[PDB]
Amino acid sequence: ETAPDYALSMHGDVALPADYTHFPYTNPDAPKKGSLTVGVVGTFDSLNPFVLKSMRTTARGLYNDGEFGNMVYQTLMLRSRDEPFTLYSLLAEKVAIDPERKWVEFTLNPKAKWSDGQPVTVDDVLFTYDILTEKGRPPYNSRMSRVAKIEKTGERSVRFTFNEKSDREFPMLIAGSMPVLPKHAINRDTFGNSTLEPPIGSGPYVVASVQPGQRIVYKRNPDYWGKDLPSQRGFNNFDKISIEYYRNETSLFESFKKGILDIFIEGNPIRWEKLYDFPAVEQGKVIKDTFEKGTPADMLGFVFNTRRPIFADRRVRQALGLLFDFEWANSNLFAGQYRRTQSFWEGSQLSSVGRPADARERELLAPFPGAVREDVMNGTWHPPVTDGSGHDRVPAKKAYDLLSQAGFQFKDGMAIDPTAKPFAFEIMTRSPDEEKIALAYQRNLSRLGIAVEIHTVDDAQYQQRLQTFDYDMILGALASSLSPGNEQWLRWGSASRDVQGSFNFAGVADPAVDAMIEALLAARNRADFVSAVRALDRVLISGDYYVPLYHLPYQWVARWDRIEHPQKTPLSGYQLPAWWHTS
Ligand SMILES: [Cl-]
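Under the entry's author numbering, the first residue of the sequence shown carries the number 12, and numbering increases by one thereafter.
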């Protein structure tokens, strides 16, 4: 009775009422003529995103695409990019669901059609779970291990009943992380092969041409079945989208400058600052756009391997963390473009930084009295801000005092560890960019008498060492989101510390961490969830497992002025599928 029939939200929060006319970040009257040409670094030679063969060389744009979403293969429900985790109607016109999430039932829209004009049916859905289970790659072949029964319940209705291996997130994955495939158009015996035959989907774009290693051209189907859905209003505005493939970023950038590519998505701060001094920018023909987003910025940090005795003591990790001089690095290496990262959910509502712990967090954390530092609990903690000099005496004195409390001596002019050895460790780096930042950190550590070796290892040997946790310190990245879930166990869970190949690079094993992961998974409403995640953040910060580095505070997209976008930018940042070509 309480469940909407037109939406499915992970934690029950649904921003749009049933009669919405469009997602709030689209222009409901966007022009519909003209093309978009974008570049990517890499290659492709196949057109099946759901199978092992050629999985690393599959064309962009078909399904699960970061910039373009699902242009050929569609899901039952469509994710809004203005909410943390809410899905709205797409192939499924209606949804019904068990309060306890033991079953979910979808009713297909009777207008739904494949691009060849055949109907999308319940039989296509059943076929989809059959063939992907038998012949798909992970994760697409793993869904049925959670499903007790899949059955047709009406002319256009299908119900999934789940088994005890399922969890509250699982129905979300059925609704939004599986395609629907066309039974009538797929040769089952060859499904799985590398293929360059244009595949049939229900999406708005068809594959018009394919030049392997070079270019895929999508054309809009004028008879696209979903064109009038409120969930599609102001999307799919380009009548043609070409994705071109380049061997490196410089080649790609040059092709943008020549007007062959319409946009350039920029992540390099030196390039953004220095290299957009070409005439088109000065004439206003190329616009440097910036956007903000409320999804978190991915963590980048130095990672302490807490398994090594040198780094077992959190007080030592805390001291060494204070010595990184971000303000010097930003100013001298990065043209001031970065902002300091402080939280594992940086820039989002899930960050604990600058927020006193709420009543729910304090309840959750009370059984773990040592787990969160007072400054972190009260929201007064931040990493040091230096004078930018590269030799600021203030964080260094705090570091010196902490190491002394932890048993260090200083005897000229070395830092001596509690076992009476001169303190020394290695930073394993993978690239010249990593070396450059490690070198900067090394200069500050050396000023306290600490000897640091920087050792660059090629990619394959680097991964061999990651696998066995064979390092003192590395640089580590995390793919963050507004919906942390089961993946948190392999990052931070105490069982993952001793599993070779896990993602727990710091070797975290703390019942408080485990308990906060349990709590965020148990949360059934967005308030409890936010509280639990913040509490996880507080514990992780208080362990000094990472020395958090930096992130870009704006998204950057340069564009020829023949490309436009809505004034509004949603929670997830810019959304290319809502952009259009000027008249
Ligand atoms: Cl995350």
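Cβ atoms here follow ideal geometry from the backbone N, Cα and C, with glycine treated the same way.
If you count every other CB in all the chains shown that lies within 10 Å of the CB of residue 289, and 16 or more means buried, which is it?
-> Burial call: exposed.
Delimiting residues of the beta strand (DSSP E) encompassing residue 363 | No beta strand (DSSP E) holds residue 363; DSSP gives it neither H nor E.
Quick one, what's near ligand 1 if you take every residue whose CB is closer than 6 Å to any heavy atom, in chain order?
-> 491, 492, 495
With 16 other Cβ atoms within 10 Å as the buried cut-off, status of residue 618 = There is no way to answer for residue 618, as the model of the chain reaches only from 12 to 594.
For the candidate residues 260, 86, 24, 383, whose alpha-carbon lies nearest to that of residue 186?
-> Of all alpha-carbon atoms in 260, 86, 24, 383, the one lying nearest the alpha-carbon of residue 186 is that of 86.
How is residue 402 classed by DSSP in three states: helix, strand or coil?
-> Residue 402 sits in coil when the DSSP states are folded into three classes, being neither helix nor strand.
On the three-state DSSP scale, how would you describe residue 407?
-> helix
Would you kindly report the start and end of the unbroken beta strand (DSSP E) that includes residue 567?
-> 566–571
Could you tell me which uninterrupted beta strand (DSSP E) segments, each at least 3 residues in length, are contained entirely in the stretch 265–331, listed from first to last along the chain?
-> 274–277, 297–302, 310–315
Taking DSSP as the reference, what is the three-state secondary structure of residue 260?
-> helix
Stretch pair the stretch 384–398 + the stretch 568–586: three plus CB contacts closer than 8 Å | Because the criterion of three Cβ pairs below 8 Å is not met, the stretch 384–398 and the stretch 568–586 do not touch.
Would you say residue 102 and residue 191 are within 7 Å of each other, going by their C-beta atoms?
-> yes
When 250, 213, 429, 153 are compared against residue 122, the one with the closest alpha-carbon = 213
Alpha helix (DSSP H) containing residue 524: first to last residue?
-> 522–533
Name the one or two DSSP bridge partners that residue 88 has.
-> 100
Given 8 Å, three or more beta-carbon pairs between the stretch 170–182 and the stretch 484–493 | no
Measure from the alpha carbon of residue 36 to the alpha carbon of each residue in 592, 141, 576, 594, then state which is nearest.
-> When only C-alpha atoms are compared, the closest one is 576.
Does the Cβ-Cβ distance between residue 508 and residue 520 come in under 7 Å?
-> yes
May I ask you to list the residues that DSSP assigns as paired with residue 48?
-> 253
For residue 43, which three-state DSSP category applies?
-> DSSP, reduced to helix, strand and coil, places residue 43 outside both helices and strands of the structure shown, so it counts as coil.
Other residues of its chain near residue 330: CB distance less than 6 Å, five sequence neighbours each side excluded | 410, 413, 414
Alpha helix (DSSP H) containing residue 540: first to last residue?
-> For residue 540, the uninterrupted alpha helix (DSSP H) run begins and ends at 537–553, by DSSP.
Would the stretch 449–463 and the stretch 514–528 be scored as touching if the rule is three or more Cβ pairs under 8 Å?
-> no
Report the residue from 566, 34, 504, 234 whose alpha carbon sits nearest the alpha carbon of residue 126.
-> 234
Taking only the alpha-carbon atoms, compute the straight-line gap between residue 337 and residue 352 and give it to the nearest angstrom.
-> 10 Å
Residue 155 (DSSP reduced to helix, strand or coil) | Per DSSP, reduced to three states, the secondary structure at residue 155 is helical.
Residue 187, DSSP secondary structure in three states = Helix, per DSSP.
Taking just the CA atoms, how far does residue 589 sit from residue 248?
-> 7 Å
Based on Cα-Cα distance, which residue from 448, 114, 246, 266 lies nearest to residue 466?
-> 448
Using the beta-carbon count (16 or more within 10 Å), is residue 259 buried or exposed?
-> Counting Cβ neighbours within 10 Å, residue 259 comes out exposed, since fewer than 16 surround it.
Is the distance from the Cβ of residue 326 to the Cβ of residue 417 below 7 Å?
-> yes
Do three or more CB pairs link the stretch 557–577 to the stretch 213–225 at distances below 8 Å?
-> no
In chain order, what residues of the same chain have a beta carbon less than 6 Å from the beta carbon of residue 31, not counting five sequence neighbours either side?
-> 241
Given residue 45 as reference, the closest of 534, 403, 574 once Cα atoms are compared | 574
From residue 370 to residue 207, what distance separates their C-alpha atoms?
-> Straight-line measurement puts the Cα of residue 207 at about 57 Å from the Cα of residue 370.
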